[PDB]
file my_file25.pdb (PDB, C-alpha atoms)
ATOM      1  CA  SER F   1      13.482  16.920  -8.969
ATOM      2  CA  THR F   2      13.122  13.190  -8.343
ATOM      3  CA  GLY F   3      13.353  10.700  -5.528
ATOM      4  CA  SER F   4      14.075   6.985  -5.349
ATOM      5  CA  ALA F   5      13.954   4.658  -2.331
ATOM      6  CA  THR F   6      14.136   0.909  -1.789
ATOM      7  CA  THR F   7      11.074  -0.760  -0.255
ATOM      8  CA  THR F   8      11.524  -4.035   1.645
ATOM      9  CA  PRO F   9       9.068  -6.747   2.750
ATOM     10  CA  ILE F  10       8.603  -6.706   6.510
ATOM     11  CA  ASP F  11       8.744 -10.512   6.780
ATOM     12  CA  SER F  12       9.103 -13.767   4.849
ATOM     13  CA  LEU F  13       5.485 -13.608   3.661
ATOM     14  CA  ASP F  14       5.506 -10.082   2.164
ATOM     15  CA  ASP F  15       2.855  -9.081   4.714
ATOM     16  CA  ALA F  16       3.727  -5.415   4.071
ATOM     17  CA  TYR F  17       6.542  -3.242   2.736
ATOM     18  CA  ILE F  18       8.566  -0.582   4.528
ATOM     19  CA  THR F  19      10.541   2.317   3.035
ATOM     20  CA  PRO F  20      12.930   4.586   4.976
ATOM     21  CA  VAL F  21      11.840   8.224   5.360
ATOM     22  CA  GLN F  22      13.904  11.093   6.800
ATOM     23  CA  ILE F  23      11.953  13.429   9.085
ATOM     24  CA  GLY F  24      13.175  16.567  10.820
ATOM     25  CA  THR F  25      16.497  18.318  11.426
ATOM     26  CA  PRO F  26      18.747  16.565  12.106
ATOM     27  CA  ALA F  27      17.130  13.704  10.194
ATOM     28  CA  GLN F  28      15.218  11.033  12.067
ATOM     29  CA  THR F  29      14.842   7.964   9.856
ATOM     30  CA  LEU F  30      11.677   5.905  10.259
ATOM     31  CA  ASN F  31      10.549   2.937   8.157
ATOM     32  CA  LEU F  32       7.066   3.805   6.896
ATOM     33  CA  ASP F  33       4.418   1.760   5.127
ATOM     34  CA  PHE F  34       3.765   3.599   1.856
ATOM     35  CA  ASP F  35      -0.002   3.315   1.410
ATOM     36  CA  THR F  36      -1.746   4.314  -1.814
ATOM     37  CA  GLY F  37      -5.035   3.517  -0.019
ATOM     38  CA  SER F  38      -4.871   6.324   2.573
ATOM     39  CA  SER F  39      -3.746   9.946   2.769
ATOM     40  CA  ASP F  40      -2.190  10.537   6.210
ATOM     41  CA  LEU F  41       1.523  10.502   7.010
ATOM     42  CA  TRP F  42       1.576   9.425  10.659
ATOM     43  CA  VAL F  43       4.373   8.162  12.884
ATOM     44  CA  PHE F  44       5.061   6.502  16.187
ATOM     45  CA  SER F  45       6.444   9.265  18.365
ATOM     46  CA  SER F  46       7.738  10.400  21.728
ATOM     47  CA  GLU F  47       4.083  11.270  22.420
ATOM     48  CA  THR F  48       2.804   7.715  21.896
ATOM     49  CA  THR F  49       1.454   5.950  24.971
ATOM     50  CA  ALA F  50       4.423   4.025  26.277
ATOM     51  CA  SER F  51       2.571   0.715  26.643
ATOM     52  CA  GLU F  52       1.648   1.002  22.949
ATOM     53  CA  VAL F  53       5.259   1.214  21.714
ATOM     54  CA  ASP F  54       7.036  -2.145  21.366
ATOM     55  CA  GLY F  55      10.197  -1.881  19.270
ATOM     56  CA  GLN F  56       9.215   0.808  16.752
ATOM     57  CA  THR F  57      11.440   3.752  15.992
ATOM     58  CA  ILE F  58       9.823   6.969  17.208
ATOM     59  CA  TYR F  59       9.816  10.524  15.896
ATOM     60  CA  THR F  60      10.723  13.032  18.642
ATOM     61  CA  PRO F  61       9.526  16.454  17.394
ATOM     62  CA  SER F  62      11.232  18.247  20.293
ATOM     63  CA  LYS F  63      14.597  17.196  18.813
ATOM     64  CA  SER F  64      13.815  18.569  15.343
ATOM     65  CA  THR F  65      14.783  22.229  14.921
ATOM     66  CA  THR F  66      12.396  22.489  11.934
ATOM     67  CA  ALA F  67       9.351  20.937  13.644
ATOM     68  CA  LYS F  68       6.422  23.276  14.290
ATOM     69  CA  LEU F  69       3.271  22.304  16.168
ATOM     70  CA  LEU F  70       0.242  22.841  13.936
ATOM     71  CA  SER F  71      -1.977  24.736  16.359
ATOM     72  CA  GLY F  72      -5.218  23.031  17.258
ATOM     73  CA  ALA F  73      -4.796  20.250  14.702
ATOM     74  CA  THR F  74      -5.624  16.629  15.462
ATOM     75  CA  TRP F  75      -5.994  13.464  13.418
ATOM     76  CA  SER F  76      -7.710  10.103  13.838
ATOM     77  CA  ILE F  77      -7.862   7.299  11.278
ATOM     78  CA  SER F  78      -9.489   3.867  11.150
ATOM     79  CA  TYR F  79      -8.366   1.395   8.506
ATOM     80  CA  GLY F  80     -10.290  -1.338   6.731
ATOM     81  CA  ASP F  81      -8.332  -3.954   8.698
ATOM     82  CA  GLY F  82      -9.822  -2.641  11.946
ATOM     83  CA  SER F  83      -6.632  -0.895  13.099
ATOM     84  CA  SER F  84      -6.523   2.763  14.144
ATOM     85  CA  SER F  85      -4.322   5.592  15.389
ATOM     86  CA  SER F  86      -4.691   9.223  16.432
ATOM     87  CA  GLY F  87      -2.727  12.158  17.744
ATOM     88  CA  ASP F  88      -1.589  15.728  17.036
ATOM     89  CA  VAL F  89       0.216  17.331  14.090
ATOM     90  CA  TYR F  90       3.555  18.974  13.353
ATOM     91  CA  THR F  91       4.872  20.363  10.109
ATOM     92  CA  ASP F  92       8.454  19.319   9.367
ATOM     93  CA  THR F  93      10.902  18.527   6.596
ATOM     94  CA  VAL F  94      10.359  15.082   5.050
ATOM     95  CA  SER F  95      12.697  13.421   2.549
ATOM     96  CA  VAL F  96      12.200  10.190   0.592
ATOM     97  CA  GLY F  97      15.203   8.847  -1.286
ATOM     98  CA  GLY F  98      16.628  12.324  -1.924
ATOM     99  CA  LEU F  99      13.339  14.177  -2.631
ATOM    100  CA  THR F 100      12.597  16.801   0.019
ATOM    101  CA  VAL F 101       9.368  18.503   1.134
ATOM    102  CA  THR F 102       9.493  21.297   3.678
ATOM    103  CA  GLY F 103       6.339  21.963   5.647
ATOM    104  CA  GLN F 104       4.959  18.434   5.357
ATOM    105  CA  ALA F 105       2.252  17.586   7.876
ATOM    106  CA  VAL F 106       3.692  14.847  10.121
ATOM    107  CA  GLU F 107       0.930  13.308  12.200
ATOM    108  CA  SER F 108       2.379  12.327  15.563
ATOM    109  CA  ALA F 109       0.611   9.398  17.207
ATOM    110  CA  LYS F 110      -0.608   9.637  20.791
ATOM    111  CA  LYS F 111      -2.565   6.371  20.449
ATOM    112  CA  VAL F 112      -2.218   3.320  18.208
ATOM    113  CA  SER F 113      -4.298   0.142  18.140
ATOM    114  CA  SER F 114      -2.957  -3.248  19.217
ATOM    115  CA  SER F 115      -1.986  -4.461  15.742
ATOM    116  CA  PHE F 116       0.338  -1.489  15.242
ATOM    117  CA  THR F 117       1.974  -2.081  18.640
ATOM    118  CA  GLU F 118       2.406  -5.778  17.825
ATOM    119  CA  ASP F 119       4.197  -4.982  14.541
ATOM    120  CA  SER F 120       7.638  -3.675  15.510
ATOM    121  CA  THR F 121       8.682  -3.278  11.841
ATOM    122  CA  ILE F 122       6.289  -0.451  10.822
ATOM    123  CA  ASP F 123       7.045   2.961  12.334
ATOM    124  CA  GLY F 124       4.025   4.577  10.671
ATOM    125  CA  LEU F 125       2.299   5.150   7.344
ATOM    126  CA  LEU F 126       2.944   7.467   4.407
ATOM    127  CA  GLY F 127      -0.338   7.964   2.566
ATOM    128  CA  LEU F 128      -0.325   8.281  -1.223
ATOM    129  CA  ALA F 129      -4.068   8.334  -1.955
ATOM    130  CA  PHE F 130      -5.736  11.642  -2.775
ATOM    131  CA  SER F 131      -5.525  14.396  -0.184
ATOM    132  CA  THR F 132      -9.326  14.587   0.064
ATOM    133  CA  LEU F 133      -9.097  11.577   2.430
ATOM    134  CA  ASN F 134      -6.671  13.217   4.864
ATOM    135  CA  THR F 135      -8.072  13.138   8.393
ATOM    136  CA  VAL F 136      -6.431  16.225   9.945
ATOM    137  CA  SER F 137      -9.020  18.478  11.593
ATOM    138  CA  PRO F 138     -10.032  21.282  11.502
ATOM    139  CA  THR F 139      -7.687  21.977   8.543
ATOM    140  CA  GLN F 140      -7.142  19.036   6.180
ATOM    141  CA  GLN F 141      -3.510  18.522   5.127
ATOM    142  CA  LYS F 142      -1.796  17.422   1.904
ATOM    143  CA  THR F 143       0.043  14.161   1.143
ATOM    144  CA  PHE F 144       3.783  14.025   0.522
ATOM    145  CA  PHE F 145       3.147  13.410  -3.173
ATOM    146  CA  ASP F 146       0.677  16.302  -3.382
ATOM    147  CA  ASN F 147       3.227  18.643  -1.789
ATOM    148  CA  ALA F 148       6.089  17.406  -4.010
ATOM    149  CA  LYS F 149       4.151  17.243  -7.326
ATOM    150  CA  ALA F 150       4.917  20.687  -8.713
ATOM    151  CA  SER F 151       8.669  20.251  -8.213
ATOM    152  CA  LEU F 152       8.860  16.771  -9.749
ATOM    153  CA  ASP F 153      10.238  16.325 -13.264
ATOM    154  CA  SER F 154       6.965  14.475 -14.071
ATOM    155  CA  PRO F 155       3.919  14.446 -11.776
ATOM    156  CA  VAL F 156       4.081  10.701 -11.103
ATOM    157  CA  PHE F 157       5.287   8.100  -8.656
ATOM    158  CA  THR F 158       5.884   4.416  -9.328
ATOM    159  CA  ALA F 159       5.560   1.276  -7.223
ATOM    160  CA  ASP F 160       7.789  -1.708  -8.085
ATOM    161  CA  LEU F 161       7.234  -4.110  -5.173
ATOM    162  CA  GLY F 162       9.306  -7.286  -4.988
ATOM    163  CA  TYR F 163       8.243 -10.863  -4.350
ATOM    164  CA  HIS F 164      10.343 -12.002  -1.367
ATOM    165  CA  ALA F 165      12.841  -9.332  -2.375
ATOM    166  CA  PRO F 166      13.446  -5.571  -2.232
ATOM    167  CA  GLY F 167      11.774  -3.207  -4.681
ATOM    168  CA  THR F 168      11.553   0.513  -5.371
ATOM    169  CA  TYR F 169       9.354   3.580  -4.998
ATOM    170  CA  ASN F 170      10.305   6.324  -7.459
ATOM    171  CA  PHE F 171       8.941   9.864  -7.515
ATOM    172  CA  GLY F 172       9.078  12.114 -10.551
ATOM    173  CA  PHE F 173      10.245   9.686 -13.236
ATOM    174  CA  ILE F 174       9.547   6.370 -14.928
ATOM    175  CA  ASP F 175      12.475   3.917 -14.970
ATOM    176  CA  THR F 176      12.055   2.415 -18.449
ATOM    177  CA  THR F 177      14.500  -0.385 -17.540
ATOM    178  CA  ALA F 178      12.230  -1.601 -14.704
ATOM    179  CA  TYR F 179       9.539  -3.332 -16.794
ATOM    180  CA  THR F 180       9.105  -5.361 -19.967
ATOM    181  CA  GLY F 181       6.884  -4.477 -22.901
ATOM    182  CA  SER F 182       4.818  -1.323 -22.632
ATOM    183  CA  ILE F 183       2.855   0.424 -19.881
ATOM    184  CA  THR F 184      -0.908   0.332 -20.395
ATOM    185  CA  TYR F 185      -2.680   3.299 -18.870
ATOM    186  CA  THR F 186      -6.249   3.063 -17.614
ATOM    187  CA  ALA F 187      -8.780   5.568 -16.303
ATOM    188  CA  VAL F 188      -9.009   6.530 -12.632
ATOM    189  CA  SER F 189     -11.929   7.829 -10.598
ATOM    190  CA  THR F 190     -10.957   9.962  -7.600
ATOM    191  CA  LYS F 191     -14.569  10.238  -6.373
ATOM    192  CA  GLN F 192     -13.827   8.099  -3.335
ATOM    193  CA  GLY F 193     -10.316   9.506  -2.845
ATOM    194  CA  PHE F 194      -8.622   6.308  -4.063
ATOM    195  CA  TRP F 195      -6.674   5.264  -7.158
ATOM    196  CA  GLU F 196      -9.852   3.554  -8.339
ATOM    197  CA  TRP F 197      -9.927   1.864 -11.748
ATOM    198  CA  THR F 198     -11.734  -0.879 -13.679
ATOM    199  CA  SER F 199     -10.024  -4.118 -14.599
ATOM    200  CA  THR F 200     -11.278  -5.711 -17.799
ATOM    201  CA  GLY F 201     -11.434  -9.231 -16.373
ATOM    202  CA  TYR F 202      -9.463 -12.245 -15.242
ATOM    203  CA  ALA F 203      -8.184 -15.761 -15.930
ATOM    204  CA  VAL F 204      -7.224 -18.591 -13.575
ATOM    205  CA  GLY F 205      -4.023 -20.383 -14.469
ATOM    206  CA  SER F 206      -4.138 -21.376 -18.141
ATOM    207  CA  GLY F 207      -7.928 -20.962 -18.357
ATOM    208  CA  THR F 208     -10.034 -18.839 -20.651
ATOM    209  CA  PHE F 209      -9.960 -15.107 -19.943
ATOM    210  CA  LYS F 210     -13.313 -13.824 -18.679
ATOM    211  CA  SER F 211     -14.210 -10.301 -19.824
ATOM    212  CA  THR F 212     -15.931  -8.602 -16.896
ATOM    213  CA  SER F 213     -15.546  -5.164 -15.347
ATOM    214  CA  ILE F 214     -13.962  -5.271 -11.885
ATOM    215  CA  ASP F 215     -13.936  -1.877 -10.183
ATOM    216  CA  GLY F 216     -11.305  -1.677  -7.480
ATOM    217  CA  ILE F 217      -8.457   0.308  -5.982
ATOM    218  CA  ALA F 218      -4.700   0.064  -6.368
ATOM    219  CA  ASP F 219      -3.725  -0.202  -2.687
ATOM    220  CA  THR F 220      -0.093  -0.718  -1.725
ATOM    221  CA  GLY F 221      -1.203  -0.690   1.940
ATOM    222  CA  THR F 222      -3.311  -3.854   1.699
ATOM    223  CA  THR F 223      -1.486  -7.186   1.600
ATOM    224  CA  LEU F 224      -3.916  -9.355  -0.326
ATOM    225  CA  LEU F 225      -6.032  -9.314  -3.492
ATOM    226  CA  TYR F 226      -9.728  -8.871  -2.654
ATOM    227  CA  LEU F 227     -12.119  -9.639  -5.524
ATOM    228  CA  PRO F 228     -15.816 -10.499  -6.029
ATOM    229  CA  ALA F 229     -16.947 -13.812  -4.541
ATOM    230  CA  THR F 230     -17.697 -15.245  -7.993
ATOM    231  CA  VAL F 231     -14.117 -14.618  -9.136
ATOM    232  CA  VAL F 232     -12.555 -15.889  -5.901
ATOM    233  CA  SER F 233     -14.657 -19.069  -5.978
ATOM    234  CA  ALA F 234     -13.529 -19.713  -9.559
ATOM    235  CA  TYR F 235      -9.878 -19.330  -8.474
ATOM    236  CA  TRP F 236      -9.991 -21.644  -5.427
ATOM    237  CA  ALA F 237     -12.057 -24.245  -7.311
ATOM    238  CA  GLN F 238      -8.836 -24.960  -9.220
ATOM    239  CA  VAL F 239      -6.900 -25.826  -6.027
ATOM    240  CA  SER F 240      -7.531 -29.349  -4.752
ATOM    241  CA  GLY F 241      -8.640 -29.229  -1.128
ATOM    242  CA  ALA F 242      -9.131 -25.475  -0.944
ATOM    243  CA  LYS F 243     -12.172 -24.241   0.930
ATOM    244  CA  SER F 244     -13.564 -21.143   2.599
ATOM    245  CA  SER F 245     -12.996 -21.366   6.355
ATOM    246  CA  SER F 246     -15.304 -19.359   8.584
ATOM    247  CA  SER F 247     -13.069 -19.769  11.648
ATOM    248  CA  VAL F 248      -9.953 -18.646   9.762
ATOM    249  CA  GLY F 249     -11.888 -15.924   7.929
ATOM    250  CA  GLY F 250     -11.285 -16.816   4.301
ATOM    251  CA  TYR F 251     -10.074 -19.384   1.815
ATOM    252  CA  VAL F 252      -7.401 -21.807   3.007
ATOM    253  CA  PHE F 253      -5.671 -24.580   1.089
ATOM    254  CA  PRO F 254      -3.300 -27.532   1.676
ATOM    255  CA  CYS F 255       0.229 -26.207   2.091
ATOM    256  CA  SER F 256       1.412 -29.027  -0.214
ATOM    257  CA  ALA F 257      -0.565 -27.611  -3.169
ATOM    258  CA  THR F 258       0.987 -25.873  -6.167
ATOM    259  CA  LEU F 259      -1.167 -22.838  -6.825
ATOM    260  CA  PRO F 260      -2.307 -21.664 -10.266
ATOM    261  CA  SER F 261      -1.484 -18.192 -11.466
ATOM    262  CA  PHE F 262      -4.107 -15.445 -11.620
ATOM    263  CA  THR F 263      -4.333 -12.985 -14.529
ATOM    264  CA  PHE F 264      -6.042  -9.607 -14.434
ATOM    265  CA  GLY F 265      -6.816  -7.318 -17.371
ATOM    266  CA  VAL F 266      -5.665  -3.731 -17.805
ATOM    267  CA  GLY F 267      -7.372  -2.631 -20.983
ATOM    268  CA  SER F 268      -6.254  -5.192 -23.552
ATOM    269  CA  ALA F 269      -3.118  -5.937 -21.522
ATOM    270  CA  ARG F 270      -2.708  -8.736 -18.994
ATOM    271  CA  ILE F 271      -0.863  -8.922 -15.679
ATOM    272  CA  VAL F 272      -0.021 -12.478 -14.572
ATOM    273  CA  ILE F 273       0.321 -13.082 -10.826
ATOM    274  CA  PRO F 274       2.430 -16.250 -10.361
ATOM    275  CA  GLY F 275       0.805 -18.892  -8.189
ATOM    276  CA  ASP F 276       3.427 -18.694  -5.443
ATOM    277  CA  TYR F 277       2.506 -15.008  -4.857
ATOM    278  CA  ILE F 278      -0.852 -16.310  -3.591
ATOM    279  CA  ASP F 279       0.583 -18.514  -0.806
ATOM    280  CA  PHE F 280       0.573 -16.827   2.603
ATOM    281  CA  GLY F 281       1.766 -19.775   4.632
ATOM    282  CA  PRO F 282       0.390 -21.832   7.522
ATOM    283  CA  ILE F 283      -2.750 -20.449   9.143
ATOM    284  CA  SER F 284      -1.054 -20.998  12.516
ATOM    285  CA  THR F 285       2.467 -22.106  13.371
ATOM    286  CA  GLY F 286       3.005 -25.754  12.449
ATOM    287  CA  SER F 287      -0.257 -26.115  10.520
ATOM    288  CA  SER F 288      -0.437 -27.838   7.158
ATOM    289  CA  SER F 289      -3.324 -25.569   6.145
ATOM    290  CA  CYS F 290      -2.181 -22.392   4.397
ATOM    291  CA  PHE F 291      -3.851 -19.024   3.961
ATOM    292  CA  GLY F 292      -4.825 -17.847   0.492
ATOM    293  CA  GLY F 293      -3.697 -14.574  -1.029
ATOM    294  CA  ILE F 294      -6.899 -14.017  -3.035
ATOM    295  CA  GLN F 295      -9.975 -13.388  -0.870
ATOM    296  CA  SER F 296     -13.570 -12.239  -1.275
ATOM    297  CA  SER F 297     -14.336  -8.533  -1.179
ATOM    298  CA  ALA F 298     -17.984  -9.326  -0.419
ATOM    299  CA  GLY F 299     -17.913  -7.868   3.080
ATOM    300  CA  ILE F 300     -15.720  -4.898   2.123
ATOM    301  CA  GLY F 301     -17.842  -3.028  -0.415
ATOM    302  CA  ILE F 302     -14.903  -2.409  -2.764
ATOM    303  CA  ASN F 303     -12.425  -4.585  -4.617
ATOM    304  CA  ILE F 304      -8.794  -4.114  -3.577
ATOM    305  CA  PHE F 305      -5.799  -4.744  -5.839
ATOM    306  CA  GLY F 306      -3.389  -5.101  -2.931
ATOM    307  CA  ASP F 307       0.249  -6.129  -2.818
ATOM    308  CA  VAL F 308      -0.476  -9.624  -4.153
ATOM    309  CA  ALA F 309      -1.605  -7.963  -7.428
ATOM    310  CA  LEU F 310       0.609  -4.902  -7.522
ATOM    311  CA  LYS F 311       3.895  -6.772  -6.921
ATOM    312  CA  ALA F 312       3.322  -8.647 -10.190
ATOM    313  CA  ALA F 313       3.551  -5.334 -12.078
ATOM    314  CA  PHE F 314       5.370  -2.056 -12.443
ATOM    315  CA  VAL F 315       2.686   0.431 -11.429
ATOM    316  CA  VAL F 316       2.525   4.112 -12.466
ATOM    317  CA  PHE F 317       0.476   6.423 -10.247
ATOM    318  CA  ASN F 318       0.084   9.302 -12.706
ATOM    319  CA  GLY F 319      -0.918  12.523 -10.969
ATOM    320  CA  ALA F 320      -1.449  14.552 -14.122
ATOM    321  CA  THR F 321      -4.369  16.976 -14.271
ATOM    322  CA  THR F 322      -6.523  13.964 -15.017
ATOM    323  CA  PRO F 323      -4.943  11.118 -12.995
ATOM    324  CA  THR F 324      -4.479   7.699 -14.526
ATOM    325  CA  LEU F 325      -2.871   4.405 -13.540
ATOM    326  CA  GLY F 326      -0.297   2.531 -15.606
ATOM    327  CA  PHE F 327       0.560  -1.168 -15.403
ATOM    328  CA  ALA F 328       3.425  -3.033 -17.053
ATOM    329  CA  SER F 329       4.608  -6.600 -16.700
ATOM    330  CA  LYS F 330       8.118  -7.023 -15.292
TER     331      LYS F 330
END
call {"tool": "encode", "arguments": {"input": "my_file25.pdb", "output": "structure tokens"}}
result
Amino acid sequence: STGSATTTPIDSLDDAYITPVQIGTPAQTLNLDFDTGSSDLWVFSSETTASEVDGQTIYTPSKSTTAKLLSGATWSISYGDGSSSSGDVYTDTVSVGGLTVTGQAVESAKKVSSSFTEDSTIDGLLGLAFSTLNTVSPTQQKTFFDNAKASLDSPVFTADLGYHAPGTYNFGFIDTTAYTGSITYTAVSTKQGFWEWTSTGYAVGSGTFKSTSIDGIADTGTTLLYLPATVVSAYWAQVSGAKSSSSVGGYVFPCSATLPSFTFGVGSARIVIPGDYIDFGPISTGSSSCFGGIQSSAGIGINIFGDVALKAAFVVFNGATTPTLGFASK
């Protein structure tokens, strides 16, 4: 089997991407944030505290004839961005672009943090990291990809995120028309539950490529590119007027600047992020200072190849017996 769904930026800055997901019988369609950095499928729901729902579409398990309460199961997750949610658990039928899993754990939110409430465009998350990170207690549950794997034509899913445009998540097959050149595959460590890999280095604009190992995660659920402070300083040093702003919380730059591209290595291959992908717009409405899309990972503990990086490539999440990651230019 296969599946294919269109993923769409939530706003004019590509702050995140949403993909429609059918849940229950009859189907309830919610727009979920597909997140290769976490492993819980959770949804706004009829059980969510009413003051914490502000425009999202909710899942109502009582209206799904295939929903079953998972007895005694709860979940609670806290994300790197400081947001959180928690609730109980149903199993139900979940379909993504024609690919169907029965018995998928659907984590129904009773509580969400303020940032989720304030974002009316994201109805929940669909985790695509490794199921070892799933938070359901006392019985950990499997991701949608983990449940679907055995039925897929190939045990893979691909992310093809657009810049200011729609893109695609495919399950079970590689669309060879969706990229140029070849896909370079690189090794993955699952020891922390992430699609963790090692980039072979970087270049800024037209500058010399620096060979240096950058260990980080392919994370469709993080907006920006978070890299070591040495690398990030070298990038922003090429932008006249850029500086690290403590009050804003990272590097900012004059909105009138034209940004250089940023290249990262995948083996001997190179992925070029165009400069405009690094512009995240005025720091506050009406400001002429703009927020940078490449930021220091120094306070994180891990480098994150977020949407800024991934949307420059066609990305293969290969769930073979030994998982690997594939990157192609597009």
call {"tool": "closest_residue", "arguments": {"input": "my_file25.pdb", "among": "F:91, F:4, F:238, F:117", "to": "residue 57 in chain F", "atoms": "only C-alpha atoms"}}
result
F:117
call {"tool": "closest_residue", "arguments": {"input": "my_file25.pdb", "among": "F:318, F:60, F:189, F:324", "to": "residue 172 in chain F", "atoms": "only C-alpha atoms"}}
result
F:318
call {"tool": "resolve_selection", "arguments": {"input": "my_file25.pdb", "expression": "the PyMOL selection byres ((chain F and resi 54) around 8)", "output": "list in words"}}
result
residues 51, 52, 53, 55, 56, 117, 118, 119 and 120 of chain F
call {"tool": "residues_near_point", "arguments": {"input": "my_file25.pdb", "point": "(-4.6, 10.1, -11.6)", "cutoff": "12 Å", "atoms": "all atoms listed in the file", "output": "mmCIF file with C-alpha atoms, in the frame of the given file"}}
result
data_model
loop_
_atom_site.group_PDB
_atom_site.id
_atom_site.type_symbol
_atom_site.label_atom_id
_atom_site.label_comp_id
_atom_site.auth_asym_id
_atom_site.auth_seq_id
_atom_site.Cartn_x
_atom_site.Cartn_y
_atom_site.Cartn_z
ATOM 1 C CA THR F 36 -1.746 4.314 -1.814
ATOM 2 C CA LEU F 128 -0.325 8.281 -1.223
ATOM 3 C CA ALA F 129 -4.068 8.334 -1.955
ATOM 4 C CA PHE F 130 -5.736 11.642 -2.775
ATOM 5 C CA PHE F 145 3.147 13.410 -3.173
ATOM 6 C CA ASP F 146 0.677 16.302 -3.382
ATOM 7 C CA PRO F 155 3.919 14.446 -11.776
ATOM 8 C CA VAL F 156 4.081 10.701 -11.103
ATOM 9 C CA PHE F 157 5.287 8.100 -8.656
ATOM 10 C CA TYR F 185 -2.680 3.299 -18.870
ATOM 11 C CA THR F 186 -6.249 3.063 -17.614
ATOM 12 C CA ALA F 187 -8.780 5.568 -16.303
ATOM 13 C CA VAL F 188 -9.009 6.530 -12.632
ATOM 14 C CA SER F 189 -11.929 7.829 -10.598
ATOM 15 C CA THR F 190 -10.957 9.962 -7.600
ATOM 16 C CA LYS F 191 -14.569 10.238 -6.373
ATOM 17 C CA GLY F 193 -10.316 9.506 -2.845
ATOM 18 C CA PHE F 194 -8.622 6.308 -4.063
ATOM 19 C CA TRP F 195 -6.674 5.264 -7.158
ATOM 20 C CA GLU F 196 -9.852 3.554 -8.339
ATOM 21 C CA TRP F 197 -9.927 1.864 -11.748
ATOM 22 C CA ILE F 217 -8.457 0.308 -5.982
ATOM 23 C CA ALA F 218 -4.700 0.064 -6.368
ATOM 24 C CA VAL F 316 2.525 4.112 -12.466
ATOM 25 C CA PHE F 317 0.476 6.423 -10.247
ATOM 26 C CA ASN F 318 0.084 9.302 -12.706
ATOM 27 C CA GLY F 319 -0.918 12.523 -10.969
ATOM 28 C CA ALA F 320 -1.449 14.552 -14.122
ATOM 29 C CA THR F 321 -4.369 16.976 -14.271
ATOM 30 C CA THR F 322 -6.523 13.964 -15.017
ATOM 31 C CA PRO F 323 -4.943 11.118 -12.995
ATOM 32 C CA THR F 324 -4.479 7.699 -14.526
ATOM 33 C CA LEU F 325 -2.871 4.405 -13.540
ATOM 34 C CA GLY F 326 -0.297 2.531 -15.606
#
call {"tool": "atom_distance", "arguments": {"input": "my_file25.pdb", "atom1": "CA of residue 97 in chain F", "atom2": "CA of residue 76 in chain F"}}
result
27.5 Å
call {"tool": "resolve_selection", "arguments": {"input": "my_file25.pdb", "expression": "the PyMOL selection byres ((chain F and resi 278) around 9)", "output": "ChimeraX atom specification"}}
result
/F:224-225,259-262,273-277,279-280,291-294,308
call {"tool": "axis_aligned_box", "arguments": {"input": "my_file25.pdb", "around": "range 299-316 of chain F", "padding_each_side": "6 Å", "output": "lines of an AutoDock Vina configuration file"}}
result
center_x = -6.3
center_y = -2.8
center_z = -4.7
size_x = 35.3
size_y = 25.7
size_z = 27.5
call {"tool": "closest_atom_pairs", "arguments": {"input": "my_file25.pdb", "of": "range 190-260 of chain F", "to": "range 18-34 of chain F", "cutoff": "10 Å", "atoms": "only C-alpha atoms", "output": "CSV"}}
result
residue,atom,partner,partner_atom,distance
F:219,CA,F:34,CA,9.5
F:220,CA,F:34,CA,6.8
F:221,CA,F:34,CA,6.6
call {"tool": "closest_residue", "arguments": {"input": "my_file25.pdb", "among": "F:143, F:100, F:59, F:175", "to": "residue 158 in chain F", "atoms": "all atoms listed in the file"}}
result
F:175
call {"tool": "atom_distance", "arguments": {"input": "my_file25.pdb", "atom1": "CA of residue 127 in chain F", "atom2": "CA of residue 42 in chain F"}}
result
8.4 Å
call {"tool": "residues_near_point", "arguments": {"input": "my_file25.pdb", "point": "(3.9, 12.0, 18.1)", "cutoff": "6 Å", "atoms": "only C-alpha atoms", "output": "MDAnalysis selection string"}}
result
chainID F and resid 44:48 108:110
call {"tool": "write_last_selection", "arguments": {"input": "my_file25.pdb", "atoms": "C-alpha atoms", "output": "compact mmCIF listing (two decimals), in the frame of the given file"}}
result
# COMPACT_ATOMS: atom_id res chain seq x y z
CA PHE F 44 5.06 6.50 16.19
CA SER F 45 6.44 9.26 18.36
CA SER F 46 7.74 10.40 21.73
CA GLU F 47 4.08 11.27 22.42
CA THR F 48 2.80 7.72 21.90
CA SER F 108 2.38 12.33 15.56
CA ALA F 109 0.61 9.40 17.21
CA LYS F 110 -0.61 9.64 20.79
call {"tool": "atom_distance", "arguments": {"input": "my_file25.pdb", "atom1": "CA of residue 241 in chain F", "atom2": "CA of residue 283 in chain F"}}
result
14.7 Å
call {"tool": "residues_around", "arguments": {"input": "my_file25.pdb", "residues": "residue 226 in chain F", "least_positions_apart": "4", "cutoff": "7 Å", "atoms": "all atoms listed in the file", "output": "ChimeraX atom specification"}}
result
/F:294-297,303-305
call {"tool": "resolve_selection", "arguments": {"input": "my_file25.pdb", "expression": "the PyMOL selection byres ((chain F and resi 13) around 8)", "output": "mmCIF file with C-alpha atoms, keeping the file's coordinate frame"}}
result
data_model
loop_
_atom_site.group_PDB
_atom_site.id
_atom_site.type_symbol
_atom_site.label_atom_id
_atom_site.label_comp_id
_atom_site.auth_asym_id
_atom_site.auth_seq_id
_atom_site.Cartn_x
_atom_site.Cartn_y
_atom_site.Cartn_z
ATOM 1 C CA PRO F 9 9.068 -6.747 2.750
ATOM 2 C CA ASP F 11 8.744 -10.512 6.780
ATOM 3 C CA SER F 12 9.103 -13.767 4.849
ATOM 4 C CA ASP F 14 5.506 -10.082 2.164
ATOM 5 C CA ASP F 15 2.855 -9.081 4.714
ATOM 6 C CA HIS F 164 10.343 -12.002 -1.367
ATOM 7 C CA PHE F 280 0.573 -16.827 2.603
ATOM 8 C CA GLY F 281 1.766 -19.775 4.632
#
